[PDB]
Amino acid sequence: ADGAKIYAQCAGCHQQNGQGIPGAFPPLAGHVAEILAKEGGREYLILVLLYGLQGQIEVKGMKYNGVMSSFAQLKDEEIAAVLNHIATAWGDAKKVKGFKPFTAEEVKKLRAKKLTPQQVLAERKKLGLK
């Protein structure tokens, strides 16, 4: 799976440069590292892609109160690949100490327990994120 091409096909919101849109679509560039630095952060990123997200969240001190759809129609390998793209395309993995690329089995195991977007928000909060 080619994570750059997959993301390109879903880049209308976070944008091709990953920097998002103020107020509307949170940035990925520079912010994936913040999530990865949390214990449970890797898993959280997979949950967002499999199950979507909703609710008020803060990113870089800015408020977002949107909705993101589930992308479970992506295969395990393809979700892995797009998460490696957003983890590496803008240098985020270069922060977190020693990064292991996302793998199909990580996605498979989370797909085995379907969550709602509201529960994904709950998981975000469990990371200590506001």
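Start at 1 and count along the sequence shown; that's the residue number. Heads up, when I say rigid core I mean the largest set of C-alphas that superpose within 1.5 Å between the two forms.
Averaged as a root mean square over residues and superposed structures in 4 other deposited structures of this protein, CA distances to the shown form are larger in 9-17; the pair compared was 9-17 and 107-115 with a core fit. Two stretches, 83-91 and 98-106, are weighed by how far their CA atoms sit from the shown form in 4 other deposited structures of this protein after rigid core superposition; the farther one is 98-106.
Two stretches are in play, 55-63 and 72-80, and the higher mean C-alpha B-factor belongs to 55-63. Here 86-94 and 30-38 are compared by their mean Cα B-factor, and 86-94 comes out higher. Between the residues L115, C10, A122, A112, it is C10 that shows the highest Cα B-factor in the PDB record. Ranked by C-alpha B-factor against the other modelled residues of its chain, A1 falls in the highest third.
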